[PDB]
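S.K.: Input structure: query05.csv, which contains CSV, C-alpha atoms.
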```csv
chain,number,residue,atom,x,y,z
A,24,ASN,CA,61.1,58.7,104.6
A,25,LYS,CA,59.8,60.1,107.9
A,26,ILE,CA,61.0,58.0,110.8
A,27,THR,CA,64.6,58.2,110.1
A,28,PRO,CA,64.5,61.3,112.3
A,29,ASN,CA,63.3,59.1,115.2
A,30,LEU,CA,65.0,55.8,114.5
A,31,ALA,CA,68.2,57.7,114.2
A,32,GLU,CA,67.8,58.9,117.8
A,33,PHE,CA,66.5,55.5,119.0
A,34,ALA,CA,69.7,54.1,117.4
A,35,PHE,CA,71.9,56.4,119.4
A,36,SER,CA,70.0,56.4,122.7
A,37,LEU,CA,70.1,52.6,122.4
A,38,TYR,CA,73.8,52.6,121.7
A,39,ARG,CA,74.9,54.7,124.7
A,40,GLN,CA,73.0,52.1,126.7
A,41,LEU,CA,74.9,49.0,125.6
A,42,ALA,CA,78.1,50.8,125.6
A,43,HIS,CA,77.7,52.1,129.0
A,44,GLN,CA,77.6,48.6,130.2
A,45,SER,CA,80.9,47.4,128.9
A,46,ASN,CA,83.5,49.7,127.2
A,47,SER,CA,85.6,46.6,126.5
A,48,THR,CA,83.5,44.6,124.0
A,49,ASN,CA,82.5,45.1,120.4
A,50,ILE,CA,79.1,46.5,120.0
A,51,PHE,CA,77.0,45.7,117.0
A,52,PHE,CA,73.2,45.8,116.4
A,53,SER,CA,70.5,46.9,114.0
A,54,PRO,CA,68.4,49.7,115.3
A,55,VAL,CA,65.9,48.9,112.6
A,56,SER,CA,65.8,45.2,113.2
A,57,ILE,CA,64.7,45.9,116.8
A,58,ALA,CA,62.2,48.8,116.3
A,59,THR,CA,60.6,46.7,113.6
A,60,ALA,CA,60.4,43.8,116.0
A,61,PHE,CA,58.7,45.9,118.7
A,62,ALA,CA,56.6,47.8,116.1
A,63,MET,CA,55.5,44.4,115.0
A,64,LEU,CA,54.8,43.1,118.6
A,65,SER,CA,52.9,46.3,119.2
A,66,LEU,CA,50.2,44.8,116.9
A,67,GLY,CA,49.0,42.5,119.6
A,68,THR,CA,49.0,45.1,122.4
A,69,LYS,CA,46.5,47.7,123.6
A,70,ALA,CA,46.1,50.9,125.7
A,71,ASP,CA,49.2,52.1,127.4
A,72,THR,CA,51.2,48.9,126.8
A,73,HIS,CA,50.8,49.8,123.1
A,74,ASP,CA,51.4,53.6,123.3
A,75,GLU,CA,54.4,53.0,125.6
A,76,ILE,CA,56.1,50.9,122.9
A,77,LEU,CA,55.8,53.3,120.0
A,78,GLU,CA,56.7,56.2,122.2
A,79,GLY,CA,59.7,54.2,123.4
A,80,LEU,CA,60.9,54.3,119.8
A,81,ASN,CA,60.9,58.1,119.9
A,82,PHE,CA,57.5,58.4,118.3
A,83,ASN,CA,55.0,61.0,119.5
A,84,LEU,CA,51.6,59.5,118.9
A,85,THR,CA,49.9,62.9,119.0
A,86,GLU,CA,52.0,64.4,116.2
A,87,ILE,CA,51.9,61.2,114.0
A,88,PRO,CA,49.9,58.1,114.1
A,89,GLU,CA,50.5,54.4,114.0
A,90,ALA,CA,48.6,53.9,110.8
A,91,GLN,CA,51.5,55.7,109.3
A,92,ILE,CA,54.3,54.4,111.4
A,93,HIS,CA,53.5,50.8,110.4
A,94,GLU,CA,53.3,52.3,107.0
A,95,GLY,CA,56.9,53.5,107.2
A,96,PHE,CA,58.4,50.4,108.7
A,97,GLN,CA,56.9,48.2,106.1
A,98,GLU,CA,58.0,50.5,103.3
A,99,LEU,CA,61.6,50.1,104.6
A,100,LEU,CA,61.5,46.4,105.5
A,101,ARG,CA,60.5,45.9,101.9
A,102,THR,CA,63.6,47.7,100.6
A,103,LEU,CA,65.8,45.3,102.5
A,104,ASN,CA,64.2,41.8,101.8
A,105,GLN,CA,63.1,43.0,98.4
A,106,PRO,CA,63.6,40.9,95.2
A,107,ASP,CA,66.2,42.5,93.0
A,108,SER,CA,67.8,43.6,96.4
A,109,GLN,CA,71.0,41.7,96.2
A,110,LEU,CA,72.5,43.5,99.2
A,111,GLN,CA,72.7,40.2,101.1
A,112,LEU,CA,70.9,41.0,104.3
A,113,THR,CA,68.9,38.4,106.1
A,114,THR,CA,66.6,39.2,109.1
A,115,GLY,CA,63.6,37.8,110.9
A,116,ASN,CA,61.6,37.3,114.1
A,117,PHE,CA,60.8,34.3,116.3
A,118,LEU,CA,57.8,34.3,118.6
A,119,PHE,CA,57.6,31.5,121.2
A,120,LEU,CA,54.3,31.4,123.2
A,121,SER,CA,53.3,29.1,125.9
A,122,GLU,CA,51.2,26.3,124.4
A,123,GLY,CA,47.7,26.5,125.8
A,124,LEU,CA,46.3,29.7,124.6
A,125,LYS,CA,43.8,30.4,122.0
A,126,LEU,CA,45.9,33.0,120.2
A,127,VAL,CA,43.9,35.6,118.3
A,128,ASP,CA,44.0,34.7,114.6
A,129,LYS,CA,44.4,38.1,113.0
A,130,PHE,CA,47.6,38.5,115.0
A,131,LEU,CA,49.6,35.6,113.7
A,132,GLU,CA,48.1,36.5,110.4
A,133,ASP,CA,49.4,40.1,110.2
A,134,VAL,CA,52.6,39.2,112.0
A,135,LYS,CA,53.8,36.7,109.3
A,136,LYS,CA,52.4,38.8,106.5
A,137,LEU,CA,54.1,42.2,106.8
A,138,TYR,CA,56.7,41.9,109.6
A,139,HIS,CA,58.3,38.7,108.3
A,140,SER,CA,57.8,36.8,111.6
A,141,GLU,CA,56.8,33.3,112.6
A,142,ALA,CA,55.1,32.0,115.7
A,143,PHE,CA,55.7,28.7,117.6
A,144,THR,CA,54.0,27.4,120.7
A,145,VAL,CA,56.1,25.5,123.2
A,146,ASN,CA,56.0,23.8,126.6
A,147,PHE,CA,57.5,26.3,129.0
A,148,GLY,CA,56.6,23.9,131.8
A,149,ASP,CA,59.8,22.0,131.1
A,150,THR,CA,62.5,24.6,131.5
A,151,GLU,CA,64.8,22.3,129.5
A,152,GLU,CA,62.5,21.0,126.8
A,153,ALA,CA,61.5,24.5,125.8
A,154,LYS,CA,65.1,25.6,125.9
A,155,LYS,CA,65.6,22.6,123.5
A,156,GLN,CA,62.8,23.3,121.1
A,157,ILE,CA,63.8,26.9,121.0
A,158,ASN,CA,67.6,26.7,120.5
A,159,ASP,CA,66.7,24.2,117.8
A,160,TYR,CA,63.7,26.1,116.3
A,161,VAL,CA,66.1,28.9,115.9
A,162,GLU,CA,69.0,26.8,114.5
A,163,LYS,CA,66.6,25.6,111.8
A,164,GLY,CA,64.9,28.8,110.8
A,165,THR,CA,68.3,30.5,110.9
A,166,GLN,CA,69.9,28.1,108.4
A,167,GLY,CA,72.1,26.5,111.1
A,168,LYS,CA,73.9,29.9,111.6
A,169,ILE,CA,72.7,30.5,115.1
A,170,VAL,CA,73.2,27.6,117.5
A,171,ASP,CA,72.5,27.1,121.2
A,172,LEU,CA,71.3,30.7,121.3
A,173,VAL,CA,69.3,30.6,124.6
A,174,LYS,CA,71.8,29.5,127.1
A,175,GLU,CA,69.4,29.5,130.0
A,176,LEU,CA,65.6,30.1,130.2
A,177,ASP,CA,63.6,31.4,133.2
A,178,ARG,CA,61.0,29.5,135.1
A,179,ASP,CA,57.8,31.4,134.7
A,180,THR,CA,58.5,32.4,131.1
A,181,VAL,CA,55.4,32.2,128.8
A,182,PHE,CA,56.4,34.4,125.9
A,183,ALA,CA,59.8,34.8,124.3
A,184,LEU,CA,61.0,36.9,121.4
A,185,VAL,CA,64.1,36.2,119.3
A,186,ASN,CA,65.1,38.8,116.6
A,187,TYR,CA,68.1,38.2,114.3
A,188,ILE,CA,69.9,39.8,111.4
A,189,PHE,CA,72.9,38.9,109.3
A,190,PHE,CA,74.7,41.2,106.8
A,191,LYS,CA,77.7,41.0,104.5
A,192,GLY,CA,78.1,43.6,101.7
A,193,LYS,CA,80.2,44.2,98.6
A,194,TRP,CA,81.4,47.7,98.1
A,195,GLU,CA,81.0,49.7,95.0
A,196,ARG,CA,84.8,50.3,94.7
A,197,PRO,CA,86.4,47.1,96.2
A,198,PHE,CA,89.8,46.4,97.7
A,199,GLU,CA,92.4,44.3,95.9
A,200,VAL,CA,93.2,41.3,98.1
A,201,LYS,CA,96.8,41.1,97.0
A,202,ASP,CA,96.9,44.4,98.9
A,203,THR,CA,95.4,43.5,102.2
A,204,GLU,CA,98.0,42.5,104.8
A,205,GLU,CA,98.3,41.8,108.5
A,206,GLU,CA,99.0,44.8,110.7
A,207,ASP,CA,98.9,46.0,114.3
A,208,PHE,CA,95.6,47.2,115.6
A,209,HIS,CA,95.9,49.1,118.9
A,210,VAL,CA,92.9,48.0,121.0
A,211,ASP,CA,94.6,49.4,124.1
A,212,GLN,CA,97.7,51.3,125.1
A,213,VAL,CA,99.0,47.9,126.0
A,214,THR,CA,97.2,45.1,124.2
A,215,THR,CA,97.8,44.9,120.4
A,216,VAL,CA,96.3,42.3,118.1
A,217,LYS,CA,97.4,41.4,114.6
A,218,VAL,CA,94.6,41.8,112.0
A,219,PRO,CA,94.3,41.7,108.2
A,220,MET,CA,94.2,45.4,107.0
A,221,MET,CA,92.7,46.2,103.6
A,222,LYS,CA,94.3,49.2,102.0
A,223,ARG,CA,93.6,51.4,99.0
A,224,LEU,CA,94.6,54.9,97.8
A,225,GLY,CA,91.4,56.5,96.5
A,226,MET,CA,89.0,59.4,96.1
A,227,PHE,CA,86.9,59.5,99.2
A,228,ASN,CA,84.1,61.5,100.7
A,229,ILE,CA,86.4,61.5,103.8
A,230,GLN,CA,86.9,64.6,105.9
A,231,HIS,CA,88.2,65.5,109.4
A,232,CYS,CA,85.1,66.8,111.3
A,233,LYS,CA,86.1,69.2,114.1
A,234,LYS,CA,82.8,69.1,115.9
A,235,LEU,CA,83.1,65.3,116.5
A,236,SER,CA,86.9,65.6,116.7
A,237,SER,CA,87.4,62.6,114.4
A,238,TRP,CA,87.8,61.6,110.8
A,239,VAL,CA,84.6,60.6,109.2
A,240,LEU,CA,84.6,58.3,106.2
A,241,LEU,CA,81.8,57.3,103.9
A,242,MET,CA,81.9,54.0,102.0
A,243,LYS,CA,79.1,53.2,99.5
A,244,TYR,CA,77.7,49.7,99.4
A,245,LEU,CA,76.6,47.8,96.3
A,246,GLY,CA,72.9,48.2,96.8
A,247,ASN,CA,70.7,50.5,98.9
A,248,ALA,CA,73.2,50.9,101.7
A,249,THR,CA,76.0,53.1,103.0
A,250,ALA,CA,78.6,52.8,105.8
A,251,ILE,CA,79.9,55.7,107.8
A,252,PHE,CA,83.1,55.2,109.8
A,253,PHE,CA,84.3,57.5,112.6
A,254,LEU,CA,87.9,57.4,113.6
A,255,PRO,CA,88.3,59.4,116.9
A,256,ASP,CA,91.4,61.5,117.9
A,257,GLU,CA,93.4,60.3,120.9
A,258,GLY,CA,91.1,59.6,123.8
A,259,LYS,CA,88.3,61.4,121.8
A,260,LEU,CA,86.5,58.1,121.6
A,261,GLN,CA,84.2,59.1,124.5
A,262,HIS,CA,83.6,62.6,123.1
A,263,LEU,CA,82.7,61.1,119.7
A,264,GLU,CA,80.1,58.8,121.2
A,265,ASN,CA,78.7,61.7,123.2
A,266,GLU,CA,78.5,64.4,120.5
A,267,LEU,CA,76.9,62.2,117.8
A,268,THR,CA,73.5,63.5,116.6
A,269,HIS,CA,71.3,62.9,113.6
A,270,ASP,CA,71.5,66.6,112.6
A,271,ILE,CA,75.3,66.2,112.3
A,272,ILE,CA,75.5,63.0,110.2
A,273,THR,CA,72.7,64.4,108.1
A,274,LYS,CA,74.8,67.4,107.2
A,275,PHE,CA,77.9,65.4,106.5
A,276,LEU,CA,76.0,63.2,104.2
A,277,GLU,CA,74.7,66.3,102.2
A,278,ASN,CA,78.2,67.5,101.4
A,279,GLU,CA,79.5,66.4,98.0
A,280,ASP,CA,83.3,66.9,97.6
A,281,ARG,CA,85.9,64.2,97.8
A,282,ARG,CA,89.6,64.1,98.3
A,283,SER,CA,92.5,61.7,98.0
A,284,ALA,CA,93.1,59.5,101.0
A,285,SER,CA,95.1,56.4,101.8
A,286,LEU,CA,92.7,54.1,103.6
A,287,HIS,CA,93.6,51.3,106.0
A,288,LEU,CA,90.2,49.7,106.8
A,289,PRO,CA,90.5,46.4,108.7
A,290,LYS,CA,88.9,43.1,107.5
A,291,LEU,CA,86.5,42.0,110.3
A,292,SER,CA,83.6,39.8,111.2
A,293,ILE,CA,81.8,40.6,114.4
A,294,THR,CA,78.5,39.8,116.1
A,295,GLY,CA,76.5,40.8,119.1
A,296,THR,CA,73.9,39.1,121.3
A,297,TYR,CA,71.9,41.3,123.7
A,298,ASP,CA,69.0,40.9,126.1
A,299,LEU,CA,66.6,43.7,125.3
A,300,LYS,CA,64.3,43.7,128.3
A,301,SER,CA,66.9,45.3,130.5
A,302,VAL,CA,68.1,48.0,128.0
A,303,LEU,CA,64.8,49.0,126.4
A,304,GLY,CA,63.6,49.0,129.9
A,305,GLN,CA,65.9,51.9,130.5
A,306,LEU,CA,64.6,53.5,127.3
A,307,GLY,CA,61.0,53.7,128.6
A,308,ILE,CA,59.5,50.5,127.3
A,309,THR,CA,58.2,48.6,130.4
A,310,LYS,CA,54.6,47.6,130.4
A,311,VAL,CA,54.9,44.9,127.8
A,312,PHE,CA,57.4,43.3,130.2
A,313,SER,CA,55.7,44.1,133.4
A,314,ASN,CA,52.6,42.4,134.9
A,315,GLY,CA,49.8,44.6,133.7
A,316,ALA,CA,51.0,44.0,130.1
A,317,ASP,CA,47.9,44.5,127.9
A,318,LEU,CA,48.5,41.8,125.3
A,319,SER,CA,44.8,41.2,124.7
A,320,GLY,CA,45.6,41.5,121.0
A,321,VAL,CA,47.6,38.3,121.3
A,322,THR,CA,45.5,36.1,123.6
A,323,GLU,CA,42.3,36.7,125.4
A,324,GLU,CA,42.4,33.7,127.8
A,325,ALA,CA,44.9,34.4,130.6
A,326,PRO,CA,47.2,37.3,131.4
A,327,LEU,CA,50.4,37.5,129.4
A,328,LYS,CA,53.7,39.4,129.2
A,329,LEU,CA,56.9,39.4,127.3
A,330,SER,CA,59.4,37.6,129.5
A,331,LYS,CA,62.5,37.5,127.2
A,332,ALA,CA,63.6,39.5,124.2
A,333,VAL,CA,66.9,38.6,122.5
A,334,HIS,CA,68.7,40.1,119.5
A,335,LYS,CA,71.5,38.6,117.5
A,336,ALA,CA,73.2,40.5,114.7
A,337,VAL,CA,76.1,39.4,112.5
A,338,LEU,CA,78.3,41.4,110.2
A,339,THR,CA,81.1,40.6,107.8
A,340,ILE,CA,83.4,43.1,106.2
A,341,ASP,CA,85.8,42.1,103.4
A,342,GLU,CA,87.2,43.2,100.1
A,343,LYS,CA,84.4,42.0,97.9
A,344,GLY,CA,83.1,44.4,95.3
A,345,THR,CA,81.5,44.8,91.8
A,346,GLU,CA,83.5,42.6,89.4
A,347,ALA,CA,85.3,45.1,87.3
A,348,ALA,CA,88.1,47.7,87.7
A,357,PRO,CA,104.8,62.3,93.4
A,358,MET,CA,101.9,65.0,92.7
A,359,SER,CA,100.2,65.8,96.2
A,360,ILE,CA,100.6,63.6,99.3
A,361,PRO,CA,97.2,62.3,100.2
A,362,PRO,CA,96.3,62.0,103.9
A,363,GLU,CA,96.9,58.6,105.5
A,364,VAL,CA,93.9,57.4,107.4
A,365,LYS,CA,94.5,54.1,109.3
A,366,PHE,CA,91.8,52.6,111.4
A,367,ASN,CA,94.2,50.7,113.7
A,368,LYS,CA,92.3,51.4,116.9
A,369,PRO,CA,88.8,51.4,118.4
A,370,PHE,CA,86.4,53.2,116.0
A,371,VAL,CA,82.6,53.6,115.7
A,372,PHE,CA,80.6,53.0,112.6
A,373,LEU,CA,77.1,53.2,111.3
A,374,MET,CA,75.3,51.8,108.3
A,375,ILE,CA,72.6,53.8,106.5
A,376,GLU,CA,69.8,52.7,104.1
A,377,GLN,CA,70.5,54.6,101.0
A,378,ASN,CA,66.9,55.5,100.2
A,379,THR,CA,65.3,56.3,103.6
A,380,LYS,CA,68.6,57.2,105.3
A,381,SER,CA,67.5,55.2,108.3
A,382,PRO,CA,70.1,53.7,110.6
A,383,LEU,CA,70.4,50.1,109.4
A,384,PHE,CA,73.3,49.1,111.7
A,385,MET,CA,75.4,50.7,114.5
A,386,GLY,CA,78.5,49.6,116.3
A,387,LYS,CA,81.9,50.1,117.8
A,388,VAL,CA,84.9,47.9,117.1
A,389,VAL,CA,87.2,47.7,120.0
A,390,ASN,CA,88.9,44.4,119.1
A,391,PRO,CA,88.6,42.9,115.6
A,392,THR,CA,89.5,39.5,117.1
A,393,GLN,CA,87.2,39.3,120.1
A,394,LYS,CA,83.9,37.5,119.6
```
Output the file's structure in the form of structure tokens.
M.R.:
Amino acid sequence: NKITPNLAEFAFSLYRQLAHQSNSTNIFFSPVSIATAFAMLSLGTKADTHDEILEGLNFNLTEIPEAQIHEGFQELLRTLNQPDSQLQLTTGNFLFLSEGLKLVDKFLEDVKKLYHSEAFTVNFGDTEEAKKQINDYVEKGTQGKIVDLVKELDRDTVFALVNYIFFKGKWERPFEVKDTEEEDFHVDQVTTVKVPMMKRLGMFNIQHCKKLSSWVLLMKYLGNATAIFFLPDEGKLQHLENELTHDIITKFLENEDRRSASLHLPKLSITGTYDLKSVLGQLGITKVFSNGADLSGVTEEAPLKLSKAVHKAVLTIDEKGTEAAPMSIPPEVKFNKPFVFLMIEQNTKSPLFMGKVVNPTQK
């Protein structure tokens, strides 16, 4: 591809932003899902409001232009939602604009054409009636999987953006279920939760990276995906999260050896809701949320500005995989403690998902 280099960093710089604010919760989101959502939204913005968004995603408009970025995002977004694509990954965008605006046509047009997104006008006057239409709009277009999302709306809201994404993959080489069994997972030096622990002795592209001071495991997905797990040495969690860099993962990936290992990957299902305004705000993206907001590409009547931007992602990890099938002690590698992981898109290498698991039970 050609944006992986930047989304990769966006992914990271986005991560150390949500992690900074609560090193006690699980963290899970799709860097691509979001960039896509703002790259999409950028379509209806102009001037600085516009350039500030694409830059905020680590793009340098003077060394590459939009009419190529949008090109790249769409090439990737296809890969995922594609036809044969049985990777089981759903994702979309909701756009709620205050009813009473002659919204430019072309916009809605492009939006629901390339960036898989739908627009719905609502009555922001009634703080509760909008809350209602929305929570319900979402619960309908989400197949009833996301309920009562928006807990509480604002008062002067006039534009709201909801971005979602569910994912549950099957591995190339699956785990027998008769083998998984409950085990201790040390979330803290004091707390300990019991959790189902999938286990399998196999040939892995696992290796103990000294630079990151942590075991790094690679697990291929059935499809155009790949998951990389990082198990950090005692108290090296913080370090790991600090020394991570695209150039490093990139190298790891390149290598092609493989050695015996006894894996203890935990069976888990986690999600993560986040309010982007604040975070992206820290990452440079402000105008679209401020007052000047140049959203002329969306409406030409009154002023307008993104008031709320929410992101919900859901992941499920299990033993599922392709239906099918005393001489050198292999290293035991048990993920029974906080660990960081990242999902890559096989073709483009872009960062599909990113997270930390601090408690397999927490929600």
S.K.: If we count all atoms listed in the file and set the cut-off at 6 Å, which residues sit around range 377-381 of chain A, ignoring sequence neighbours fewer than 2 positions away in its own chain? Please answer as a count of residues only.
M.R.: 6
S.K.: To one decimal place, how far is CA of residue 387 in chain A from CA of residue 302 in chain A in Å?
M.R.: 17.3 Å
S.K.: Can you work out the spacing between CA of residue 58 in chain A and CA of residue 84 in chain A in Å, to one decimal?
M.R.: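 One can read the CA of residue 58 in chain A to CA of residue 84 in chain A distance as 15.3 Å.
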S.K.: So which one's closest to residue 184 in chain A, A:318, A:142, A:364, A:80? Using only C-alpha atoms, please.
M.R.: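 Checking each candidate against residue 184 in chain A, we get A:142 as the closest.
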S.K.: Can you measure CA of residue 373 in chain A to CA of residue 208 in chain A for me? One decimal in Å is fine.
M.R.: 19.9 Å
S.K.: Let me make sure I understand: among A:204, A:376, A:71, A:346, which one has the smallest atom-to-atom distance to residue 287 in chain A if we use all atoms listed in the file?
M.R.: A:204
S.K.: Could you check which of A:234, A:288, A:40, A:52 is closest to residue 266 in chain A, using all atoms listed in the file?
M.R.: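 Comparing A:234, A:288, A:40, A:52 against residue 266 in chain A, the winner is A:234.
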S.K.: Show me the residues close to (90.9, 42.3, 116.6) - anything with an atom within 10 Å, counting only C-alpha atoms - and format the list as a PyMOL selection string.
M.R.: chain A and resi 49+207-210+215-219+289-293+367-369+388-394
S.K.: Neighbouring residues of residue 197 in chain A were defined as those with any atom within 9 Å, considering all atoms listed in the file; residues of the same chain fewer than 6 positions away were excluded. Please report them as a PDB file with C-alpha atoms, in the coordinates of the input.
M.R.:
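Result file follows (out19.pdb):
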```pdb
ATOM      1  CA  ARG A 223      93.600  51.400  99.000  1.00  0.00           C
ATOM      2  CA  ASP A 341      85.800  42.100 103.400  1.00  0.00           C
ATOM      3  CA  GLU A 342      87.200  43.200 100.100  1.00  0.00           C
ATOM      4  CA  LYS A 343      84.400  42.000  97.900  1.00  0.00           C
ATOM      5  CA  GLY A 344      83.100  44.400  95.300  1.00  0.00           C
ATOM      6  CA  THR A 345      81.500  44.800  91.800  1.00  0.00           C
ATOM      7  CA  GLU A 346      83.500  42.600  89.400  1.00  0.00           C
ATOM      8  CA  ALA A 348      88.100  47.700  87.700  1.00  0.00           C
TER       9      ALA A 348
END
```
S.K.: Residue 51 in chain A: which residues within 8 Å, counting all atoms listed in the file, same-chain residues fewer than 6 positions away excluded, as a short mmCIF file (atom, residue, chain, number, x, y, z; two decimals) with C-alpha atoms, keeping the file's coordinate frame?
M.R.:
```cif
data_model
loop_
_atom_site.label_atom_id
_atom_site.label_comp_id
_atom_site.auth_asym_id
_atom_site.auth_seq_id
_atom_site.Cartn_x
_atom_site.Cartn_y
_atom_site.Cartn_z
CA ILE A 293 81.80 40.60 114.40
CA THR A 294 78.50 39.80 116.10
CA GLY A 295 76.50 40.80 119.10
CA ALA A 336 73.20 40.50 114.70
CA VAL A 337 76.10 39.40 112.50
CA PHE A 384 73.30 49.10 111.70
CA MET A 385 75.40 50.70 114.50
CA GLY A 386 78.50 49.60 116.30
CA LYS A 387 81.90 50.10 117.80
#
```
S.K.: I'd like to know which of A:365, A:101, A:334, A:231 is closest to residue 297 in chain A, using all atoms listed in the file.
M.R.: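 Answer, going by the shortest atom-to-atom distance: A:334.
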S.K.: For residue 83 in chain A, which of A:335, A:222, A:26, A:167 is the closest residue, counting only C-alpha atoms?
M.R.: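 Using only C-alpha atoms, the shortest distance to residue 83 in chain A belongs to A:26.
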S.K.: Between A:186, A:265, A:111, A:278, which residue has the minimum interatomic distance to residue 229 in chain A, considering only C-alpha atoms?
M.R.: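 Once distances to residue 229 in chain A are computed over only C-alpha atoms, the minimum belongs to A:278.
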S.K.: Do you know which residues lie at most 12 Å from (64.3, 59.5, 114.8), with coordinates as in the file and all atoms listed in the file counted, and could you write them as a VMD selection string?
M.R.: chain A and resid 24 to 37 54 to 55 58 77 to 83 92 268 to 270 273 379 to 382
S.K.: Give me, as a ChimeraX atom specification, all polymer residues having an atom no more than 12 Å from residue 157 in chain A, counting all atoms listed in the file and skipping those fewer than 3 positions away in the same chain.
M.R.: /A:117-121,142-147,149-154,160-165,169-176,182-185
S.K.: Quick one: everything within 12 Å of range 312-314 of chain A, counting only C-alpha atoms, minus sequence neighbours fewer than 4 positions away in the same chain. Send it as a PyMOL selection string.
M.R.: chain A and resi 61+64+68+71-73+75-76+180-184+299-304+307-308+318+325-332
S.K.: Edge lengths and centre, in Å to one decimal, as AutoDock Vina command-line options: that's what I need for the box along x, y and z that holds all listed atoms of range 370-377 of chain A plus 3 Å on each side.
M.R.:
```
--center_x 78.1 --center_y 53.2 --center_z 108.5 --size_x 22.6 --size_y 8.8 --size_z 21.0
```
S.K.: Can you patch up range 93-104 of chain A, filling it in to N, CA, C and O atoms, and show the result as an mmCIF file, keeping the file's coordinate frame?
M.R.:
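out31.cif written:
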```cif
data_model
loop_
_atom_site.group_PDB
_atom_site.id
_atom_site.type_symbol
_atom_site.label_atom_id
_atom_site.label_comp_id
_atom_site.auth_asym_id
_atom_site.auth_seq_id
_atom_site.Cartn_x
_atom_site.Cartn_y
_atom_site.Cartn_z
ATOM 1 N N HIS A 93 53.569 52.125 111.039
ATOM 2 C CA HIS A 93 53.500 50.800 110.400
ATOM 3 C C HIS A 93 53.698 50.937 108.934
ATOM 4 O O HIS A 93 54.266 50.082 108.263
ATOM 5 N N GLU A 94 53.172 52.024 108.405
ATOM 6 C CA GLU A 94 53.300 52.300 107.000
ATOM 7 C C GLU A 94 54.792 52.419 106.693
ATOM 8 O O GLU A 94 55.345 51.699 105.865
ATOM 9 N N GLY A 95 55.459 53.315 107.408
ATOM 10 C CA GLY A 95 56.900 53.500 107.200
ATOM 11 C C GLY A 95 57.789 52.351 107.416
ATOM 12 O O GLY A 95 58.732 52.124 106.660
ATOM 13 N N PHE A 96 57.536 51.589 108.466
ATOM 14 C CA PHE A 96 58.400 50.400 108.700
ATOM 15 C C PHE A 96 58.284 49.470 107.586
ATOM 16 O O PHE A 96 59.292 48.996 107.077
ATOM 17 N N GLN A 97 57.066 49.185 107.163
ATOM 18 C CA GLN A 97 56.900 48.200 106.100
ATOM 19 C C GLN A 97 57.461 48.690 104.751
ATOM 20 O O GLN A 97 57.908 47.861 103.955
ATOM 21 N N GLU A 98 57.470 49.996 104.504
ATOM 22 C CA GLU A 98 58.000 50.500 103.300
ATOM 23 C C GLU A 98 59.524 50.185 103.282
ATOM 24 O O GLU A 98 60.081 49.723 102.294
ATOM 25 N N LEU A 99 60.152 50.416 104.426
ATOM 26 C CA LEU A 99 61.600 50.100 104.600
ATOM 27 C C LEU A 99 61.931 48.658 104.570
ATOM 28 O O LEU A 99 62.830 48.234 103.838
ATOM 29 N N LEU A 100 61.233 47.878 105.394
ATOM 30 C CA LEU A 100 61.500 46.400 105.500
ATOM 31 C C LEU A 100 61.367 45.774 104.146
ATOM 32 O O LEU A 100 61.897 44.686 103.953
ATOM 33 N N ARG A 101 60.668 46.415 103.222
ATOM 34 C CA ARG A 101 60.500 45.900 101.900
ATOM 35 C C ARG A 101 61.874 46.055 101.199
ATOM 36 O O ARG A 101 62.487 45.108 100.688
ATOM 37 N N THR A 102 62.327 47.299 101.233
ATOM 38 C CA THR A 102 63.600 47.700 100.600
ATOM 39 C C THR A 102 64.697 46.709 100.871
ATOM 40 O O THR A 102 65.483 46.402 99.975
ATOM 41 N N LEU A 103 64.761 46.209 102.091
ATOM 42 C CA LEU A 103 65.800 45.300 102.500
ATOM 43 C C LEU A 103 65.571 43.873 101.868
ATOM 44 O O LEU A 103 66.359 43.433 101.026
ATOM 45 N N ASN A 104 64.503 43.192 102.286
ATOM 46 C CA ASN A 104 64.200 41.800 101.800
ATOM 47 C C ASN A 104 63.818 41.738 100.384
ATOM 48 O O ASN A 104 63.705 40.634 99.825
#
```
